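Chains as they are written, first to last, in the numbering used here: chain A, 83 to 306; chain B, 679 to 901. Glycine included, C-beta positions come from ideal geometry on N, C-alpha and C. See structure below.
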């Protein structure tokens, strides 16, 4: 098991876990956990808007804010059952598909603090696992790294790559995940500065959900 | 101050610190500290060979070993004063130029455990700082992250980006630098398997030198 932060070239493993805590994977998990039919990650706003149709919502962000003409932004709190149940979500975030496209594997699942325990349980039986942290605009993402460390610690493996080892050690130094992220994540700060502090609290809520999204044919859906 | 591990796109900052402990920056620091006139990073083996001439040594590695036709490999221990003093070093490593090219900074220095305090003192009067860890074939490099954390700790700064904070916290978890690396660094373990244990001990030795190599328009020199 190993951890990579904002990989540049294709990464290859049997089971890949994409992590983008401050919102992308938190949004994906939330949307599916609240009834959405699927979440389609898309690179550009053009491609996003191009897929508009009934029962399909154009969602995402640019500068962390909902683009013009979009139905929803990238705040997990917007994805309530009453608004997305049985609907398909097209999701575009800054470099969202970019991290996903550099993954060569037999399966790609989405992990967040929201479904931490469920992801851990799904991975316990898996061999050759790569936790892929999206990072932020090419920079290190503390919250992604923190979740990776929490996952690694709970897998109780001794076969750990450099990234997994550092993430686990880092995780062991944390007394309060939520506070750690509020005080040291530059992206958390940006989100708070734009008025999304509630998202930080929601996204750092552990096991609110018990689902495990998997990318199947370009679409994140729920697996048994 | 922040830390980035194997950056994909050009990263900007007034002052940058390149870190490739298990060898490249340790090699650069050792070479210049022992007399080399400068160290020129080169991308391909072909390019390197074309720079051959009097006063110049072709050095580097591929799969951690010295390629055919090369004068020195990438073991800092080969860079003895009475072997490279006054000579220009042409250095090509698997991803050397790859990482350097991503650093959009006018001030770029090389750091290793070998010149740790010297690097810290140099950075004491620097506004913006980005510690750039080279990584290992695109993967996380534990030894680089550890040096980055050690540096952040000594800078005594409060303005830390995500990478710097995570590196400092990681550094705080380490009881013994050398043992941490020998046991958990995949590249360190690889080098040990290849017969370079001496490099692991040397490169993790703190402050053998007081120099601070700086990349000045394509060449690492001592200003």
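Checking contacts by CB at 8 angstroms: is residue i closer than that to chain B?
| i | result |
| --- | --- |
| residue 130 of chain A | no |
| residue 88 of chain A | yes |
At what residues does the beta strand (DSSP E) containing residue i begin and finish?
| i | result |
| --- | --- |
| residue 174 of chain A | 170-174 |
| residue 306 of chain A | Looking at the DSSP string, residue 306 of chain A is not in any beta strand (DSSP E), and its letter there is neither H nor E. |
| residue 84 of chain A | 84-87 |
| residue 789 of chain B | 785-789 |
| residue 109 of chain A | Where residue 109 of chain A is concerned, there is no enclosing beta strand (DSSP E), although the alpha helix (DSSP H) it sits in stretches over 106-115. |
| residue 141 of chain A | 138-142 |
| residue 797 of chain B | Where residue 797 of chain B is concerned, there is no enclosing beta strand (DSSP E), although the alpha helix (DSSP H) it sits in stretches over 794-801. |
| residue 694 of chain B | 693-697 |
| residue 719 of chain B | 716-719 |
| residue 295 of chain A | 295-298 |
| residue 811 of chain B | 807-811 |
Given residue i, which residues of its chain have a CB within under 6 angstroms of its CB, disregarding the five upstream and five downstream residues?
| i | result |
| --- | --- |
| residue 694 of chain B | 781, 783, 786, 808 and 810 |
| residue 246 of chain A | 83, 84, 85 and 234 |
| residue 301 of chain A | 120 and 122 |
| residue 217 of chain A | 87, 88 and 223 |
| residue 105 of chain A | 156 |
| residue 303 of chain A | 120 |
Only counting the same chain, and skipping five residues up and downstream in sequence, which positions put a Cβ closer than 8 angstroms to that of residue i?
| i | result |
| --- | --- |
| residue 219 of chain A | 176 and 177 |
| residue 151 of chain A | 131 and 140 |
| residue 266 of chain A | 224 |
| residue 147 of chain A | 155 and 276 |
| residue 729 of chain B | 718, 720, 736 and 768 |
| residue 238 of chain A | none |
| residue 288 of chain A | 195, 196, 198, 199 and 259 |
| residue 860 of chain B | 866, 867, 870 and 878 |
Assuming residue i is part of the alpha helix (DSSP H), what are its boundary residues?
| i | result |
| --- | --- |
| residue 181 of chain A | 178-183 |
| residue 821 of chain B | 820-833 |
| residue 261 of chain A | 259-266 |
| residue 245 of chain A | 244-254 |
| residue 285 of chain A | 279-285 |
| residue 131 of chain A | 127-132 |
| residue 163 of chain A | 163-166 |
Under a CB-based cut-off of 8 angstroms, is residue i close to chain A?
| i | result |
| --- | --- |
| residue 874 of chain B | no |
| residue 742 of chain B | no |
| residue 687 of chain B | yes |
| residue 798 of chain B | no |
| residue 789 of chain B | no |
| residue 681 of chain B | yes |
Which same chain residues, not among the five before or five after residue i, have their C-beta less than 7 angstroms away from its C-beta?
| i | result |
| --- | --- |
| residue 713 of chain B | 759, 762, 763 and 764 |
| residue 130 of chain A | 124, 140, 142, 172 and 174 |
| residue 797 of chain B | 695, 787, 789, 829 and 890 |
| residue 280 of chain A | 159 |
| residue 707 of chain B | 788, 790, 792, 793, 887, 889 and 891 |
| residue 826 of chain B | 681, 697, 809, 811 and 845 |
If we cut at 8 angstroms on Cβ distances, does residue i have a partner in chain C?
| i | result |
| --- | --- |
| residue 243 of chain A | No chain C appears in the structure shown, which is made up of the protein chains A and B. |
Which residues, taken in chain order from the region 216-235 of chain A, show a beta carbon closer than 7 angstroms to some beta carbon of chain B? For the region 216-235 of chain A, which is checked against every Cβ of chain B, the residues closer than 7 angstroms are 220, 221, 222, 223, 224 and 227.
Give me the subset of the region 842-867 of chain B whose CB atoms are less than 7 angstroms from a CB atom of chain A, sorted by chain position. Taking 7 angstroms as the Cβ-Cβ cut-off against chain A, the residues of the region 842-867 of chain B that qualify are 843, 844, 847, 848, 850, 851, 862, 863 and 864.
Determine contact between the region 696-705 of chain B and the region 815-825 of chain B, defined as no fewer than three beta-carbon pairs at a distance below 8 angstroms. Yes, they touch.
Is it a yes or a no for the region 798-807 of chain B touching the region 274-287 of chain A, going by three-plus beta-carbon pairs under 8 angstroms? No, the region 798-807 of chain B does not touch the region 274-287 of chain A.
Hey, is the region 287-299 of chain A in contact with the region 193-203 of chain A, meaning 3+ C-beta pairs nearer than 8 angstroms? Yes: at least three Cβ pairs fall under 8 angstroms.
If you pair each beta-carbon of the region 268-275 of chain A with each one of the region 848-857 of chain B, do three or more pairs fall below 8 angstroms? Under the 8 angstroms Cβ criterion, the region 268-275 of chain A does not count as touching the region 848-857 of chain B, having fewer than three qualifying pairs.
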